[PDB]
Amino acid sequence: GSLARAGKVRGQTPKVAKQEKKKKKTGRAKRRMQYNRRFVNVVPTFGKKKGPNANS
Amino acid sequence: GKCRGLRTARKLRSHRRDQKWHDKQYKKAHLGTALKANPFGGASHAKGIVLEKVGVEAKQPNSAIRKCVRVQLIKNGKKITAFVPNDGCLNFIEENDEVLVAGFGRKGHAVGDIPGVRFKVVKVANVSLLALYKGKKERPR
Amino acid sequence: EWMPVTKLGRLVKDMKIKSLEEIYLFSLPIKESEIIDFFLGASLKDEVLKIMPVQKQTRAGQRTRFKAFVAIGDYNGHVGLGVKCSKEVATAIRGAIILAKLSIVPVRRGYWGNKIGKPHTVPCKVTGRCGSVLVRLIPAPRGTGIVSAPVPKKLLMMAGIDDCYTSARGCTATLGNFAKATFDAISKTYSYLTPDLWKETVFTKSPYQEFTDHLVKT
Amino acid sequence: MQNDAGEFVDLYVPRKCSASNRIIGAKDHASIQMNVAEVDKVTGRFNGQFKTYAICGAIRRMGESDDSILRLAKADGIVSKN
Amino acid sequence: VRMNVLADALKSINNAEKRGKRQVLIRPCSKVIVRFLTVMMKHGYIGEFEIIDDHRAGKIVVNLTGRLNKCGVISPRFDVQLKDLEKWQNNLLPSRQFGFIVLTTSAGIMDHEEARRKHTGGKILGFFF
Amino acid sequence: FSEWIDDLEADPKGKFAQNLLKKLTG
Amino acid sequence: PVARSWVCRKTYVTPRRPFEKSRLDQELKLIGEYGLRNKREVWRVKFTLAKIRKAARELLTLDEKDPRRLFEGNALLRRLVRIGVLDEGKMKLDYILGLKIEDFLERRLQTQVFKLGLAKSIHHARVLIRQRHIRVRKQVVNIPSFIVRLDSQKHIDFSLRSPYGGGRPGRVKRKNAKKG
RNA sequence: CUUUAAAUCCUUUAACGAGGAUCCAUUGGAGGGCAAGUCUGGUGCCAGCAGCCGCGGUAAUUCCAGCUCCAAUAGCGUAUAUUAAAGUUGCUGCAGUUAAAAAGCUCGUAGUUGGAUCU
C-alpha cells in the first residue's frame with residue numbers, strides 16, 4: 001500500500017512532441033469536408049464497408 | 001385484486017402513499033436520515049482540508065493502490081476519503097491544503113475497485129486537478 | 001439452375017403461380033427459398049440482426065455454435081425472420097437467410113385517420129408474444145416514422161410500415177425473443193378480422209387443383 | 001380494403017373459415033380447403049361442379065371439422081335432412 | 001355474489017366467441033344488457049337474439065356471427081364527458097376505423113359516435129370491436 | 001469481411017469478442 | 001420589478017440517442033446538401049416541423065365543423081403555403097402531416113440564392129449572404145436561415161452596394177488596382 | 001454622424017484591415033453499451049483506466065504518449081437534485097404456487113361493492 005510510486009508511468013513515459021500540421025477547418029467547412037468524404041465518392045470504400053480509422 | 005369502485009379514491013390513494021415507502025429511492029429521498037448522514041449535507045461539492053494521504057487497495061479481482069486523501073469538511077468537520085483521480089495527481093496534493101471534493105458519480109455508492117470511497121478530489125489549493133495535470137496551471141506559492 | 005422438389009415449386013418455376021399472394025391465400029407451406037427468389041428476389045434486402053455464440057458443455061470443453069438472427073424483406077408489404085445455428089458464422093448466416101426467406105409473410109398496412117394515398121401504418125393495434133416479450137404495434141399518423149427500439153424498427157421498416165407506435169414489455173434484451181415477438185405482431189396484421197373483411201369469401205381454385213393437369217403432364 | 005378514393009389497397013383478401021368466419025392465416029398449415037363433388041340429380045354422377053369449404057386449423061384441432069363440414073354439406077343440400 | 005350482470009353477459013359472449021360457438025346463453029337478462037346487445041347488433045357484430053321469458057328474470061340466446069374480436073365492460077361506470085371521449089377511444093379501441101365505446105347517456109344507450117352526434121356525455125358501459 | 005468472422009471463431013469469449021460480434025453487423 | 005421581458009424559448013431539440021448511425025448519416029446528408037453549419041440547424045428545422053405537425057394533429061382530432069379547427073387549420077395552411085412549403089393545391093390539414101424537413105430547408109435564403117443562380121454553390125451562397133451581397137426586395141438580408149416567402153421569391157437581387165450588383169470595388173480590388 | 005438625460009451598444013459612412021487568410025476552436029472520447037484504430041512507442045496486476053461489464057502479470061483495440069479517427073461545437077466535460085426511461089409505485093397499468101410476497105383459521109363494525117323489475 002505504498003504511495004511511493006504515484007507518477008511512475010507518466011514520469012517515465014518518453015516525451016514525444018506533437019507535430020506541426022495545418023489547421024483543421026471549422027464550422028460549416030468541416031461539415032462540408034465530412035459530407036464530401038462520406039457521401040460524394042466511393043473511392044475510400046471496398047464493398048466491405050471498412051472504417052474511417054482503419055490502420056490495416 | 002385491487003379495488004375498482006367509484007368511491008375507492010381514498011383507499012387507492014392511501015394504499016399508494018403507504019406503498020411508496022417501500023420504494024428504496026422514495027424512502028431515501030423522503031425520510032431525512034440519508035440527508036443527515038450525507039457528509040456533503042445535500043450539496044454537490046464540499047471543501048475540506050487534507051489530513052493525510054492514504055492508499056486504498058483495489059477490490060479482490062484487481063490489484064492496485066488507489067491514491068486517496070483523508071479530508072475533513074469545513075462545513076461540518078466530517079472526515080471522508082476522497083479519491084485523487086489521475087496519475088501523479090497525488091503529488092500535486094500536500095498535507096493540510098484545501099481541496100474541493102465532489103461525488104464519485106454513483107450518489108453515495110462506491111465506484112469500481114475503490115472500496116468505500118464515494119468522493120473524488122476536484123480542486124487542490126483553488127486550482128483544478130485537471131489544470132495541474134495538463135500543465136495549464138501551477139501550484140500556488 | 002433451380003430444379004423444384006415440391007409441387008408448389010414446380011408450379012412456381014413453370015410460371016403457373018403469378019404472385020406470392022396466391023400461395024398465401026391457401027396457406028401453403030413454402031419449403032423452397034427459390035420460390036421467394038422468383039417472386040420477390042429483386043427487392044429483398046437481408047440484415048443480420050445478431051450473431052449469438054451458444055455453448056454446450058462437454059467432457060473436454062465447451063462446444064461453441066453461432067446462431068444467426070437475420071431479418072429479410074422488401075421494404076413494401078413483406079418481411080421474414082430467420083434463426084439458424086451452426087458451427088460456422090458464415091454457414092449460420094446463409095442458413096438464417098434461407099430460413100428468413102422461408103418465413104416471409106404478407107404485411108397488412110392500414111390508415112391512421114383519413115385514407116388519402118397508400119396505406120402507411122398497421123391497420124389496428126396488434127400484439128406479438130415470444131417468451132415473456134410482448135411487442136405492441138399501434139397505428140400512428142402519417143409522417144411520424146417508426147417509434148420503436150432498433151430491433152423491432154428494423155423489422156417494421158423491412159415490412160414496409162412507414163410509421164408506427166410501439167410498446168415493449170419483458171426481457172427485450174434477448175434480441176431473439178424481441179425479434180420473434182415483433183415478427184408475430186407483424187404477421188398478425190393479416191389475421192385480424194376488421195369490418196372491411198366481413199364480406200363473404202369467394203372461394204377460388206387452389207394451385208394444386210387449378211394446375212393439376214400441368215403437374216401430371218410435366 | 002378501400003381508401004377514400006375507393007381503390008383497393010390490400011395485398012390480398014384472406015379467406016375465412018366456413019365454420020367460424022375467422023380469417024385463415026397465411027401460415028395456418030393445418031387449415032384445409034376441401035371440395036365436395038356435386039352430383040346430377042337423376043344419374044347420380046359427377047357433373048363437374050363442387051362445393052368448396054375452408055376450415056381453419058383450430059377447428060380441426062378441436063375435432064369439430066367433422067361436425068362443421070357435415071353441417072356445411074347439410075345446408076348445401078349435399079346431406080339428407082336427419 | 002353476482003354484480004354487474006352486464007359484465008357477466010359480455011364475458012359469456014366473449015368466451016363463446018373465442019370458442020367459435022354460434023350461440024351463447026346469457027342469464028340473467030336486463031334492460032342494460034338488451035340495449036347493449038341492440039347497439040352491438042345495429043353495427044352487425046352479433047346478429048339476432050331471443051329473450052326467453054322465465055317468470056323471475058330473462059335469459060337471452062344470442063346467435064353469434066364470428067365478427068366479434070372483444071366485447072368488454074368498463075367497471076366502474078366512469079362518467080365520460082365529450083372531451084374525455086377521445087382519450088377513452090385511444091385507450092380502448094384498436095383503431096380509429098372501427099370499434100365502438102358504449103355509453104349510457106340521458107338520450108339512451110349508444111356508441112361513442114352517436115354520443116358525439118347527439119353532443120352528449122354519459123357513463124361508459126363498455127366497448128366492442 | 002470474413003476476417004472478423006474468422007478471428008471471432010478463434011476466441012468466442014476472448015478480449016476481442018464483443019468488438020467482433022458488433023463488427024459483423026452490430 | 002423590471003420592465004424587461006423574460007420570454008424566451010429553445011428553438012431545437014437534442015436527439016434522445018446520441019450515436020445512432022442512421023440518424024447521423026441522414027443529418028450529415030442534410031447538412032451537406034443544404035450547406036448548414038452544424039447539426040443544431042437540422043434539429044431546429046426538425047423542431048419547427050414537429051411543432052407544426054403536433055398542431056396539425058391536435059386540429060385533426062377535433063370535429064370537422066368545430067370553428068376552432070376551421071380557423072386555426074386555415075391559418076396554418078395559409079402560413080405553410082405562404083412560405084412555399086405547402087402547395088396551394090394541397091391545402092388540407094392531413095396534407096401537413098406529409099411534409100418533410102427538406103421542404104422547409106428549400107425555402108432558406110441560402111438555398112434560394114443558390115437556386116436562383118446568384119452563387120456558384122451552396123457554401124458560396126452562405127458566404128454571399130453573410131457578406132451582405134444579397135437583398136430581398138429593398139432590404140439587405142444577412143441571415144442564411146431567412147425563410148423566403150412565395151411573394152418574396154421574385155425579389156432576391158444582388159444588392160445596390162455589393163461589388164457584384166452595385167459596382168463599388170471591394171477592399172481587395174481597390175488595393176490591387178492601386179499597385180497597378 | 002446616429003443613439004442617449006451626458007453616454008455606451010446596435011445601426012449608418014469613410015480610412016486601414018486576410019494565404020501557414022499564424023486573424024492558428026475547443027471539450028470529451030476511439031473494447032461493448034455507444035460513433036470512432038487489435039497503428040506505433042513506453043509501462044508490465046505497477047502506474048493507472050474503468051458510471052457498468054471489465055482493461056493492465058513483456059505481442060495492452062481499454063493505462064501513459066505520438067499519429068489518425070468521431071461526437072457536439074463557441075461550446076463541452078464533471079458532481080448533485082430532479083423528470084422521462086420506471087408497466088422498477090402500476091387509476092390507466094404491475095406483482096403475490098416455486099423468483100419478494102395470501103394473514104393459521106373463521107366471525108365481525110366502519111369502509112368498498114351490491115340481482116330482475118315500473119313507457
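Naming: A, B, ... by sequence-line order, numbering from 1 per chain.
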From CG of B/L12 across to P of H/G93 the rounded distance in Å is 14 Å
(request) For H/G32, take OP1 and OP2 only and decide whether either is under 4.0 Å from a side-chain N or O of F/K22. (result) no
Exercise. Can a side chain N or O of B/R10 be found less than 4.0 Å away from OP1 or OP2 on H/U112?
Worked result: no
Q. With a 3.5 Å cut-off and just heavy-atom distances, do the side chain of B/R66 and the base of H/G48 make a donor-acceptor pair?
A. yes
Task: Distance, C1' atom - from H/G44 to H/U73, rounded to whole angstrom - done: 39 Å
Atom CZ of G/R132 and atom P of H/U11 are separated, to the nearest Å, by 8 Å
Whole-Å distance, A/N55 CG to H/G41 P, equals 13 Å
Problem set entry | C1'-based separation of H/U12 from H/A18 [nearest Å] | 25 Å
Using only modelled atom types and a 3.5 angstrom limit, is any donor from either the side chain of B/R7 or the base of H/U112 paired with an acceptor on the other?
no
Review point. Can you tell me if the side-chain N/O atoms of F/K23 get under 4.0 Å from OP1 or OP2 in H/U38?
Key: yes
**Prompt:** Taking 3.5 Å as the limit for both distances, would H/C55 and H/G48 pass as Watson-Crick or G-U wobble partners?
**Reply:** yes
For this session: For H/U80, take OP1 and OP2 only and decide whether either is under 4.0 Å from a side-chain N or O of B/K107.
Result: yes
From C1'-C2'-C3'-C4' (positive north, negative south), H/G44 puckers south
From CZ of B/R4 across to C1' of H/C94 the rounded distance in Å is 13 Å
Notebook entry, point to check: Does B/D23 get its side chain close enough to the base of H/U89, under 3.5 Å, for a donor-acceptor pair?
Noted result: no
Q.
OP1 or OP2 of H/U88 versus the side-chain N and O atoms of B/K24: is any pair under 4.0 Å?
A. no
note: A/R5, atom CZ; H/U43, atom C1'; distance rounded to Å ~ 13 Å
Does F/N19 have a side-chain nitrogen or oxygen under 4.0 Å from the phosphate oxygens OP1 or OP2 of H/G32?
yes
If the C1' atom of H/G33 is compared with that of H/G51, how far apart are they to the nearest Å?
-> 12 Å
ask   = Side-chain donor or acceptor of F/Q18 under 3.5 Å from a matching atom on the base of H/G31?
value = yes
Quiz item: Is the shortest side-chain N/O distance from G/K175 to OP1 or OP2 of H/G17 below 4.0 Å?
Solution: yes
Quick note, H/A101: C1'-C2'-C3'-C4' sign places the sugar (positive north, negative south) south
Review point. Does the H/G48 base have a donor-acceptor partner in the side chain of B/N86 within less than 3.5 Å?
Key: no
With north defined by a positive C1'-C2'-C3'-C4' torsion and south by a negative one, H/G19 has a sugar that is south
_Check whether B/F40 forms a cation-pi arrangement with B/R118 (NZ or CZ under 6.0 Å from the six-membered ring centre, at most 45° off the ring normal)._
no
Do the side-chain N or O atoms of G/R17 get closer than 4.0 angstrom to the phosphate oxygens (OP1, OP2) of H/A35?
-> no
Sugar of H/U80, judged by the sign of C1'-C2'-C3'-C4' (positive north, negative south), puckers north
For H/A71, the nucleotide meeting Watson-Crick or G-U wobble distances (both under 3.5 Å) is H/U27
Note to self: For a quick test of reading the model: is some side-chain N or O of G/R174 closer than 4.0 Å to OP1 or OP2 of H/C16?
What the structure shows: yes
Sugar of H/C49, judged by the sign of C1'-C2'-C3'-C4' (positive north, negative south), puckers north
When rounded to the nearest Å, what value does the distance between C1' atoms of H/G37 and H/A65 take?
15 Å
Partner of H/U97 under the Watson-Crick or G-U wobble criteria, both distances under 3.5 Å, comes out as none
Measuring to OP1 and OP2 of H/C67, would you say a side-chain N or O of A/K21 lies under 4.0 angstrom away? yes
key: ring centroid sep under 5.5 Å plus plane angle under 30, B/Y26 with H/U89   = no
Taken to the nearest whole Å, CG/G/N38 to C1'/H/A71 is 13 Å
- Message: Could you check whether H/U61 and H/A79 make a Watson-Crick or G-U wobble pair, counting it only if both donor-acceptor distances come in under 3.5 Å?
- Response: no
